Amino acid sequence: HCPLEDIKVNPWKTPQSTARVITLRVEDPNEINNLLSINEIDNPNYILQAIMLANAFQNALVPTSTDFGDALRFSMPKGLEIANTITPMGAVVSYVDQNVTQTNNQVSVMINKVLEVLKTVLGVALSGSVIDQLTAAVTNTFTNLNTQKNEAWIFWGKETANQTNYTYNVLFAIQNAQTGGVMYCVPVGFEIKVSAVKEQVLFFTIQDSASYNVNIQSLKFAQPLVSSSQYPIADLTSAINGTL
């Protein structure tokens, strides 16, 4: 049943990941959290830590101006404020408040522009360790919005016949070989104006074309690792509920 061939090693062929992906949708949390929590972890003993950082940066969400609409977005300035109050004491490594704009380009181009900004915040090493989740997360900021439209991290502002305003709040927690003894926390507040009506925006794909004016606010926060292996699960449950 079929002679065994000598190995032809293709060094560019990407091997299948061994990473385990678990998504939690927690109905009716005690306290509301309006940040999509995306966690890239190699040691589950740092999950609680990751969740607590998301709990902290919920307080850095601010309302948009009335002209934009009735929405919440992560504020870099308020983020810095909040950062200094977090225990255990960490360090703000970087922060950005930058506008991004394109005219009559594919949504895929916009995604790339935003990725560029976030990769600058993360850095090469950090970027590389989370590239799949980061790419997905940014993709899901501009597309796949129908299933997300009523979720806690996205807010619809003013909706004209030519334009849709909406905010999108995502937080990345990273702990792996590229981070060492700290966990990086990167909250992102998107303020997005797009040149389509909401009904079209809801079904936008990477192929669609549109003009965007987008403000990106983010910081990168390094907190020394604290394992939670010895605490009861009740404490994790509490962290998730935001009551810890």
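Each residue number is its position in the shown sequence, starting from 1.
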Requested in this report: Quick one: say whether 113-121 or 148-156 has the higher mean Cα B-factor in the deposited entry.
Outcome: 113-121
Query raised in the report: Which of the two stretches, 95-103 or 129-137, shows the higher mean Cα temperature factor in the record?
Result: 95-103
**Report entry** Entry-reported Cα temperature factor of residue 69, expressed as the chain third it lands in
**Finding:** middle
Report summary line: The third of the chain into which the C-alpha temperature factor of residue 191 falls is the lowest
Query - Chain thirds of CA B-factor: placement of residue 143 - result: lowest
Query raised in the report: Where does residue 229 sit by CA temperature factor within its chain: lowest, middle or highest third?
Result: highest
Query raised in the report: Sorting the chain's CA B-factors, does residue 209 end up in the lowest, middle or highest third?
Result: middle
